[PDB]
Amino acid sequence: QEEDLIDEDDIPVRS
Amino acid sequence: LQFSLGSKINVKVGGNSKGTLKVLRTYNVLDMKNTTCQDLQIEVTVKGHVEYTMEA
Amino acid sequence: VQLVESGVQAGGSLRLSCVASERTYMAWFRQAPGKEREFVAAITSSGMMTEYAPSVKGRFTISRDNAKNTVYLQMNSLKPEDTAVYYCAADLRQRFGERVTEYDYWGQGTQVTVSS
Amino acid sequence: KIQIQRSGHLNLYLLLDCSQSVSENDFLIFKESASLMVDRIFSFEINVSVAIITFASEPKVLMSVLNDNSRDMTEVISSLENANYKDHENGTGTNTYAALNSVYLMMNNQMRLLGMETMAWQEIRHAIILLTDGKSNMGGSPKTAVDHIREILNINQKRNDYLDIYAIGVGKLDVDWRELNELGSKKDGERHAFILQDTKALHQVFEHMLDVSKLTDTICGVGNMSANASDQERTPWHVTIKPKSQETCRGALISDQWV
Amino acid sequence: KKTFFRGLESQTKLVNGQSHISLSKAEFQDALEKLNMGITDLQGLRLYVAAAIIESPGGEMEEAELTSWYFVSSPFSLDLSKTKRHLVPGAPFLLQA
Amino acid sequence: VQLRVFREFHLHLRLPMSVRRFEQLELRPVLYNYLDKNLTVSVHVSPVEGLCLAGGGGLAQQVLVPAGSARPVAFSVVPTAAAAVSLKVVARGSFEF
Amino acid sequence: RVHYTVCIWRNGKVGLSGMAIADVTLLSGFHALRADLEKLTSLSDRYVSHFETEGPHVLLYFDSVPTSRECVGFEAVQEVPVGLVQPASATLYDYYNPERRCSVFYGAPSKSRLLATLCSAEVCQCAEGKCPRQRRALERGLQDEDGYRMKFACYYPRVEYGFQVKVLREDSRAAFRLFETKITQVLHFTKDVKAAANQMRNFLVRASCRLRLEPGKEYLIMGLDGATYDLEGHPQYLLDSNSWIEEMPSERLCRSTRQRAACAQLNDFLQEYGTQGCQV
Ligand SMILES: *[C@@H]1O[C@H](CO)[C@@H](O)[C@H](O)[C@H]1NC(C)=O
Ligand SMILES: *[C@@H]1O[C@H](CO)[C@@H](O)[C@H](O)[C@H]1NC(C)=O
Ligand SMILES: *[C@@H]1O[C@H](CO)[C@@H](O)[C@H](O)[C@H]1NC(C)=O
Ligand SMILES: *[C@@H]1O[C@H](CO)[C@@H](O)[C@H](O)[C@H]1NC(C)=O
Ligand SMILES: *[C@@H]1O[C@H](CO)[C@@H](O)[C@H](O)[C@H]1NC(C)=O
Ligand SMILES: *[C@@H]1O[C@H](CO)[C@@H](O)[C@H](O)[C@H]1NC(C)=O
Ligand SMILES: [Mg+2]
């Protein structure tokens, strides 16, 4: 199977 | 015209003409609607083994 | 859509083959005399997954051929009380695991005897 | 939001957390913020009655709106500075329910004094402000008392503006953000729970805590005390004069028709 | 009033957001004779088409209508409003359409 | 004048206009990917008070999206708030892009 | 690697009769085999008039809707592990009238078709998490005489109710194991005005949750308040994470050297918290 770490410092939210 | 009167109300009509007056009251009641389909029914069952990540 | 099947001291190994005109998911059923017929195992059309009867866990295996359109069932470690006629049959709706008997066009089967 | 208007009477009930978890200097910061808070409202010269209560394990009503001095600025500020951090020496816990219940007993006595059907109780819009870390640990869940004060004022969609509740943590406090949300329940899109470091941030947020558009009695010198606002709002008297000479000079409004 | 057909229902897969659907004359005649209306009775009847496209893998869907589709015996329309009445003798009469 | 605003990669939501309290809800955030490379991203709904997440917290789901396609992720969150609750979902991207 | 079987039936004699469209959606990271669906479609005695598949979402168009149980199955393969456990969706729309649909839920083969909730009342609550603390500090090495119990109870992660409860019997309702039991002593509470000794309290834990609680023993319970209430009036309480559970020792299990002055410290905590309660 597959698995990987993911990077997210901040993402511009939409509201 | 809107109004906020939660009790018995009074009417003091005055005028030579004649007409129809009706009052609407809107509120919530105890629901009775069925949660199960009535006309067409679909059921699906899945069998076998499923792999999952680190949980429980 | 017809089924053809072809093919003993206890504790041995055995090989019964069932061939079908159409690539389908034919399973295997057994019937001992004096009692109703029961299944042993089943397989899907692709053949990469199977199911087995609880009394034959980890002893019997189904395999299928992509070309000759047949099934490979191996009976290593035969059980003395496994003597019955074995049937091969299926349907055309891919209703896998359909344990109760609503398979169509049942095969005519082969008696096999086990001697102790 | 607090409706700053001439019609009706305003009550502000300020509850002070005196728990041992809040240090003495933090309580002094609370008193400073309270001083600015009470000064801002009385600057609009409206009918406002202010009562202050301190609570750690029991409520201490340092001032009651039933007393006529609640409408007096000097008595209120004097009682504000009369508060001592050691007044709750015997009980150092955190009991918000007791404070809310004291507010309720106050309201019941006031409606008894004035009257159920009298307009003196009808016109009044009530606001309660909590300056606390919110880490309550006994006395019961304050939300039941929050609901309790609702029926005594008959809070529903039609009387939404008559009640305002706010829970703000000011100072170097380990603030529990979750606790402030339930007490400071959000109405519409306006927030009721805030976390701030100093009295100045509270000054700004409290400038956004007032709806001064309701009244038009238009006393002078009411600019705007927020950098967020426009320049014209900051100096409403500033006017523009252009003679035929095509040059621009400026002016100041002093009445409704005089420049 | 709506009167639908049976057996004419076509299901197709979209390609680049475009799909072409046609009905042969034979199947249309079969539908009319099964409904027993008659081809000669399409003097002002409007052909009804409904769309039930489903976007996968989203799962949501919406409809569309084609009410404005008549059965006419001529491909052209004639307007006679602009031409004037009350002819004048002795002058060239003008016809506008 | 048509001022067409477009984002090359985005997620779309359609909350039903009415959701009865205490009743099961099916939430379907769908991924849209018009890029040229296959993306392996994560989808998770932020833990919010008043709602029971299916995973009951910030638990991530992995799915790979091929170029020029869509991939939905099912969610089952039954509401438990009083009047209205805010909900935000995060589709965090990999190191590759 | 996973087999599916959708099934369809129609009550009939309503006037809606006709073809139907299926909207079965697999789990995350699945996609059915095109060859299998094509094989089902190609048969002369066809049940799937048309099919289509893009990853998880699969459409099934049925020309005829049987009245009784008569249905079709297929197979799907996984390529990405699932990050959670939750039921999926499935919908059927009438071909001539999409409004009159029927949404149905289904779950994993070893799971339920609904989430674990305890509401059963005007208030509603849900119970996802990790139940069993199964903490015995005395028999292990993590216990300390510092006195962090007060910190846990009143500071972080904060605890609402306080009881020491003697277990009567072990019960099971829905996917939840019920522990019918009797209160021994009330330590603290926030909203239970009816709190007293020799009362009826019910403690509930998921069946999947591997907590062990032997009936007939006295256990210490600490956690957050519930909102479900029993059928006979008493509030019921739920076992989850952030829930503190302990079995107190006996005199023979408190004199010993590996818990000497620690069991006594725990008893002193219990008495102090039962009497004084939380501070600051
Ligand atoms: C409605 O109210 C007016 C107010 O001026 C009053 O004069 C009048 O009598 C009322 N109308 C009628 C038709 O009686
Ligand atoms: C749901 O519908 C089915 C089929 O009509 C019926 O057996 C069941 O009792 C229904 N449920 C309720 C609560 O009426
Ligand atoms: C407040 O109410 C009083 C009546 O008690 C009134 O005289 C006064 O003008 C009102 N407004 C103020 C003080 O702004
Ligand atoms: C005013 O504007 C600043 C700059 O955007 C912002 O940080 C602040 O929150 C606004 N409001 C207040 C009350 O300071
Ligand atoms: C001042 O600005 C604040 C910003 O919150 C606004 O609420 C208020 O109405 C303004 N008042 C005046 C007199 O401009
Ligand atoms: C995406 O996956 C498909 C699977 O066949 C592969 O052929 C294709 O090259 C992939 N594209 C990229 C950009 O990795
Ligand atoms: Mg405190």
# chains A, B, ... in the order shown; residues from 1 in each chain; ligands from 1
call {"tool": "residues_near_ligand", "arguments": {"ligand": "ligand 3", "cutoff": "6 Å", "atoms": "only C-alpha atoms and all ligand atoms", "output": "ChimeraX atom specification"}}
result
/D:45-47
call {"tool": "write_last_selection", "arguments": {"atoms": "N, CA and C atoms", "output": "CSV table (one decimal), in the first residue's frame"}}
result
chain,number,residue,atom,x,y,z
D,45,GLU,N,-24.1,60.0,27.6
D,45,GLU,CA,-25.1,60.8,28.4
D,45,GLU,C,-26.5,60.2,28.2
D,46,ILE,N,-26.6,58.8,28.2
D,46,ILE,CA,-27.9,58.1,28.1
D,46,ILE,C,-28.3,57.6,29.5
D,47,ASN,N,-29.6,57.1,29.5
D,47,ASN,CA,-30.0,56.4,30.8
D,47,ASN,C,-29.3,55.1,30.8
call {"tool": "residues_near_ligand", "arguments": {"ligand": "ligand 5", "cutoff": "8 Å", "atoms": "only C-alpha atoms and all ligand atoms", "output": "list in words"}}
result
residues 205, 206, 207, 208, 209, 210, 211, 212, 213, 222, 223, 224, 225, 226, 228, 229, 233, 234 and 236 of chain D
call {"tool": "write_last_selection", "arguments": {"atoms": "N, CA and C atoms", "output": "short mmCIF file (atom, residue, chain, number, x, y, z; two decimals), in the first residue's frame"}}
result
data_model
loop_
_atom_site.label_atom_id
_atom_site.label_comp_id
_atom_site.auth_asym_id
_atom_site.auth_seq_id
_atom_site.Cartn_x
_atom_site.Cartn_y
_atom_site.Cartn_z
N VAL D 205 -12.14 46.97 20.69
CA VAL D 205 -13.23 46.00 20.51
C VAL D 205 -14.52 46.54 21.12
N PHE D 206 -14.41 47.28 22.22
CA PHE D 206 -15.58 47.87 22.85
C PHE D 206 -16.10 49.06 22.06
N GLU D 207 -15.23 49.74 21.32
CA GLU D 207 -15.71 50.71 20.34
C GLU D 207 -16.56 50.02 19.28
N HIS D 208 -16.16 48.82 18.87
CA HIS D 208 -17.05 48.01 18.03
C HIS D 208 -18.17 47.32 18.81
N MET D 209 -18.22 47.49 20.13
CA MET D 209 -19.27 46.91 20.95
C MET D 209 -20.50 47.80 21.11
N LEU D 210 -20.52 48.97 20.47
CA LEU D 210 -21.56 49.96 20.69
C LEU D 210 -22.25 50.30 19.38
N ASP D 211 -23.58 50.40 19.42
CA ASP D 211 -24.40 50.82 18.29
C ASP D 211 -24.92 52.22 18.62
N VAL D 212 -24.15 53.24 18.24
CA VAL D 212 -24.46 54.62 18.60
C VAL D 212 -25.29 55.27 17.51
N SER D 213 -25.64 54.50 16.48
CA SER D 213 -26.44 55.03 15.39
C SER D 213 -27.91 55.21 15.77
N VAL D 222 -18.55 64.03 19.79
CA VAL D 222 -18.63 62.58 19.68
C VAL D 222 -18.06 62.22 18.31
N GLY D 223 -16.74 62.11 18.24
CA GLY D 223 -16.06 61.64 17.05
C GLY D 223 -16.11 60.13 17.01
N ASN D 224 -15.04 59.52 16.49
CA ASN D 224 -14.91 58.08 16.60
C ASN D 224 -13.51 57.75 17.10
N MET D 225 -13.44 56.83 18.06
CA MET D 225 -12.19 56.48 18.73
C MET D 225 -11.58 55.20 18.18
N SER D 226 -11.78 54.93 16.90
CA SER D 226 -11.25 53.73 16.26
C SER D 226 -10.47 54.11 15.02
N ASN D 228 -10.02 52.12 12.80
CA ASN D 228 -10.71 51.39 11.74
C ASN D 228 -11.65 52.31 10.97
N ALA D 229 -12.24 53.29 11.65
CA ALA D 229 -13.25 54.15 11.06
C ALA D 229 -12.65 55.16 10.09
N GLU D 233 -15.72 60.29 10.06
CA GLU D 233 -16.33 59.84 11.30
C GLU D 233 -15.52 60.27 12.51
N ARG D 234 -14.19 60.27 12.39
CA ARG D 234 -13.33 60.69 13.49
C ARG D 234 -13.52 62.17 13.82
N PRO D 236 -16.40 64.49 12.78
CA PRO D 236 -17.66 64.77 12.06
C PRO D 236 -17.93 66.24 11.82
#
call {"tool": "select_by_dssp", "arguments": {"residues": "chain E", "states": "alpha helix (DSSP H)", "output": "JSON, numbers by chain"}}
result
{"E": [25, 26, 27, 28, 29, 30, 31, 32, 33, 34, 35]}
call {"tool": "residues_near_ligand", "arguments": {"ligand": "ligand 6", "cutoff": "7 Å", "atoms": "only C-alpha atoms and all ligand atoms", "output": "list in words"}}
result
residues 36, 37, 38, 66 and 67 of chain F
call {"tool": "residues_near_ligand", "arguments": {"ligand": "ligand 2", "cutoff": "10 Å", "atoms": "only C-alpha atoms and all ligand atoms", "output": "PyMOL selection string"}}
result
(chain B and resi 32-41) or (chain G and resi 11)
call {"tool": "write_last_selection", "arguments": {"atoms": "C-alpha atoms", "output": "PDB file, in the first residue's frame"}}
result
ATOM      1  CA  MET B  32     -44.594  12.368  12.195  1.00  0.00           C
ATOM      2  CA  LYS B  33     -42.839  11.929   8.832  1.00  0.00           C
ATOM      3  CA  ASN B  34     -41.481   8.455   8.162  1.00  0.00           C
ATOM      4  CA  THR B  35     -37.713   8.029   7.814  1.00  0.00           C
ATOM      5  CA  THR B  36     -38.034   4.931   5.580  1.00  0.00           C
ATOM      6  CA  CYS B  37     -38.633   4.958   1.829  1.00  0.00           C
ATOM      7  CA  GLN B  38     -42.227   4.230   0.825  1.00  0.00           C
ATOM      8  CA  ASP B  39     -42.411   3.800  -2.965  1.00  0.00           C
ATOM      9  CA  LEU B  40     -39.003   2.420  -4.030  1.00  0.00           C
ATOM     10  CA  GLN B  41     -36.622   0.711  -1.622  1.00  0.00           C
TER      11      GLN B  41
ATOM     12  CA  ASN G  11     -43.719  -1.787  -4.301  1.00  0.00           C
TER      13      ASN G  11
END
call {"tool": "decode", "arguments": {"residues": "segment 32-57 of chain E", "atoms": "N, CA, C and O atoms", "output": "PDB file, in the first residue's frame"}}
result
ATOM      1  N   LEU E  32     -45.691   6.563 -32.904  1.00  0.00           N
ATOM      2  CA  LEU E  32     -46.993   7.154 -33.207  1.00  0.00           C
ATOM      3  C   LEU E  32     -48.073   6.091 -33.370  1.00  0.00           C
ATOM      4  O   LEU E  32     -49.192   6.257 -32.871  1.00  0.00           O
ATOM      5  N   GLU E  33     -47.767   4.992 -34.065  1.00  0.00           N
ATOM      6  CA  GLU E  33     -48.782   3.959 -34.243  1.00  0.00           C
ATOM      7  C   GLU E  33     -49.072   3.225 -32.939  1.00  0.00           C
ATOM      8  O   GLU E  33     -50.215   2.814 -32.704  1.00  0.00           O
ATOM      9  N   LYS E  34     -48.063   3.050 -32.080  1.00  0.00           N
ATOM     10  CA  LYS E  34     -48.307   2.453 -30.773  1.00  0.00           C
ATOM     11  C   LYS E  34     -49.192   3.351 -29.921  1.00  0.00           C
ATOM     12  O   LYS E  34     -50.071   2.863 -29.201  1.00  0.00           O
ATOM     13  N   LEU E  35     -48.971   4.665 -29.979  1.00  0.00           N
ATOM     14  CA  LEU E  35     -49.840   5.597 -29.276  1.00  0.00           C
ATOM     15  C   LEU E  35     -51.140   5.852 -30.032  1.00  0.00           C
ATOM     16  O   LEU E  35     -52.109   6.329 -29.431  1.00  0.00           O
ATOM     17  N   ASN E  36     -51.184   5.520 -31.325  1.00  0.00           N
ATOM     18  CA  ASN E  36     -52.396   5.621 -32.144  1.00  0.00           C
ATOM     19  C   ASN E  36     -52.922   7.053 -32.218  1.00  0.00           C
ATOM     20  O   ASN E  36     -54.120   7.301 -32.072  1.00  0.00           O
ATOM     21  N   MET E  37     -52.020   8.007 -32.442  1.00  0.00           N
ATOM     22  CA  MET E  37     -52.438   9.379 -32.705  1.00  0.00           C
ATOM     23  C   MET E  37     -52.557   9.673 -34.194  1.00  0.00           C
ATOM     24  O   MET E  37     -53.533  10.295 -34.625  1.00  0.00           O
ATOM     25  N   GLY E  38     -51.589   9.233 -34.991  1.00  0.00           N
ATOM     26  CA  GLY E  38     -51.607   9.502 -36.416  1.00  0.00           C
ATOM     27  C   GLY E  38     -50.693  10.643 -36.807  1.00  0.00           C
ATOM     28  O   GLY E  38     -50.672  11.685 -36.147  1.00  0.00           O
ATOM     29  N   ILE E  39     -49.927  10.456 -37.886  1.00  0.00           N
ATOM     30  CA  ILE E  39     -48.987  11.486 -38.312  1.00  0.00           C
ATOM     31  C   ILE E  39     -49.720  12.732 -38.791  1.00  0.00           C
ATOM     32  O   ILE E  39     -49.225  13.854 -38.622  1.00  0.00           O
ATOM     33  N   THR E  40     -50.900  12.567 -39.391  1.00  0.00           N
ATOM     34  CA  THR E  40     -51.655  13.704 -39.904  1.00  0.00           C
ATOM     35  C   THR E  40     -52.203  14.600 -38.803  1.00  0.00           C
ATOM     36  O   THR E  40     -52.655  15.710 -39.102  1.00  0.00           O
ATOM     37  N   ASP E  41     -52.179  14.153 -37.548  1.00  0.00           N
ATOM     38  CA  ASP E  41     -52.688  14.936 -36.431  1.00  0.00           C
ATOM     39  C   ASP E  41     -51.594  15.722 -35.720  1.00  0.00           C
ATOM     40  O   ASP E  41     -51.769  16.106 -34.559  1.00  0.00           O
ATOM     41  N   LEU E  42     -50.458  15.941 -36.379  1.00  0.00           N
ATOM     42  CA  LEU E  42     -49.420  16.829 -35.860  1.00  0.00           C
ATOM     43  C   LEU E  42     -49.500  18.184 -36.562  1.00  0.00           C
ATOM     44  O   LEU E  42     -48.602  18.597 -37.296  1.00  0.00           O
ATOM     45  N   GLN E  43     -50.611  18.882 -36.327  1.00  0.00           N
ATOM     46  CA  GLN E  43     -50.785  20.200 -36.924  1.00  0.00           C
ATOM     47  C   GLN E  43     -50.215  21.314 -36.056  1.00  0.00           C
ATOM     48  O   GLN E  43     -49.689  22.296 -36.592  1.00  0.00           O
ATOM     49  N   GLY E  44     -50.300  21.183 -34.736  1.00  0.00           N
ATOM     50  CA  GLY E  44     -49.766  22.187 -33.837  1.00  0.00           C
ATOM     51  C   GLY E  44     -49.173  21.580 -32.584  1.00  0.00           C
ATOM     52  O   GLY E  44     -48.903  22.286 -31.608  1.00  0.00           O
ATOM     53  N   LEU E  45     -48.969  20.266 -32.600  1.00  0.00           N
ATOM     54  CA  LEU E  45     -48.396  19.584 -31.450  1.00  0.00           C
ATOM     55  C   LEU E  45     -46.921  19.937 -31.310  1.00  0.00           C
ATOM     56  O   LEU E  45     -46.212  20.117 -32.303  1.00  0.00           O
ATOM     57  N   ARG E  46     -46.463  20.043 -30.068  1.00  0.00           N
ATOM     58  CA  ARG E  46     -45.082  20.388 -29.767  1.00  0.00           C
ATOM     59  C   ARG E  46     -44.346  19.152 -29.270  1.00  0.00           C
ATOM     60  O   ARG E  46     -44.808  18.481 -28.342  1.00  0.00           O
ATOM     61  N   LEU E  47     -43.208  18.855 -29.892  1.00  0.00           N
ATOM     62  CA  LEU E  47     -42.398  17.725 -29.465  1.00  0.00           C
ATOM     63  C   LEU E  47     -41.722  18.043 -28.139  1.00  0.00           C
ATOM     64  O   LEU E  47     -41.113  19.105 -27.979  1.00  0.00           O
ATOM     65  N   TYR E  48     -41.830  17.121 -27.188  1.00  0.00           N
ATOM     66  CA  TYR E  48     -41.323  17.323 -25.838  1.00  0.00           C
ATOM     67  C   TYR E  48     -40.061  16.500 -25.628  1.00  0.00           C
ATOM     68  O   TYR E  48     -40.044  15.296 -25.907  1.00  0.00           O
ATOM     69  N   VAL E  49     -39.011  17.152 -25.134  1.00  0.00           N
ATOM     70  CA  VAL E  49     -37.749  16.501 -24.806  1.00  0.00           C
ATOM     71  C   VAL E  49     -37.343  16.929 -23.404  1.00  0.00           C
ATOM     72  O   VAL E  49     -37.406  18.118 -23.072  1.00  0.00           O
ATOM     73  N   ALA E  50     -36.932  15.965 -22.586  1.00  0.00           N
ATOM     74  CA  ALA E  50     -36.463  16.235 -21.237  1.00  0.00           C
ATOM     75  C   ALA E  50     -35.064  15.664 -21.071  1.00  0.00           C
ATOM     76  O   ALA E  50     -34.754  14.599 -21.613  1.00  0.00           O
ATOM     77  N   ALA E  51     -34.224  16.377 -20.327  1.00  0.00           N
ATOM     78  CA  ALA E  51     -32.847  15.974 -20.082  1.00  0.00           C
ATOM     79  C   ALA E  51     -32.667  15.682 -18.601  1.00  0.00           C
ATOM     80  O   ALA E  51     -33.122  16.456 -17.753  1.00  0.00           O
ATOM     81  N   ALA E  52     -32.006  14.571 -18.295  1.00  0.00           N
ATOM     82  CA  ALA E  52     -31.769  14.133 -16.925  1.00  0.00           C
ATOM     83  C   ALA E  52     -30.302  13.782 -16.735  1.00  0.00           C
ATOM     84  O   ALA E  52     -29.948  12.735 -16.190  1.00  0.00           O
ATOM     85  N   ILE E  53     -29.422  14.671 -17.199  1.00  0.00           N
ATOM     86  CA  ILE E  53     -27.991  14.407 -17.140  1.00  0.00           C
ATOM     87  C   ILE E  53     -27.518  14.338 -15.695  1.00  0.00           C
ATOM     88  O   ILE E  53     -27.930  15.134 -14.841  1.00  0.00           O
ATOM     89  N   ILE E  54     -26.664  13.360 -15.412  1.00  0.00           N
ATOM     90  CA  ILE E  54     -26.041  13.193 -14.106  1.00  0.00           C
ATOM     91  C   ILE E  54     -24.539  13.312 -14.287  1.00  0.00           C
ATOM     92  O   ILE E  54     -23.956  12.626 -15.135  1.00  0.00           O
ATOM     93  N   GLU E  55     -23.914  14.182 -13.503  1.00  0.00           N
ATOM     94  CA  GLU E  55     -22.474  14.376 -13.568  1.00  0.00           C
ATOM     95  C   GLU E  55     -21.796  13.426 -12.591  1.00  0.00           C
ATOM     96  O   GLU E  55     -22.034  13.495 -11.381  1.00  0.00           O
ATOM     97  N   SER E  56     -20.975  12.554 -13.110  1.00  0.00           N
ATOM     98  CA  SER E  56     -20.175  11.671 -12.283  1.00  0.00           C
ATOM     99  C   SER E  56     -18.736  12.167 -12.228  1.00  0.00           C
ATOM    100  O   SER E  56     -18.243  12.763 -13.189  1.00  0.00           O
ATOM    101  N   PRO E  57     -18.024  11.939 -11.121  1.00  0.00           N
ATOM    102  CA  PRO E  57     -18.452  11.251  -9.896  1.00  0.00           C
ATOM    103  C   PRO E  57     -19.133  12.162  -8.879  1.00  0.00           C
ATOM    104  O   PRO E  57     -19.191  11.825  -7.701  1.00  0.00           O
TER     105      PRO E  57
END
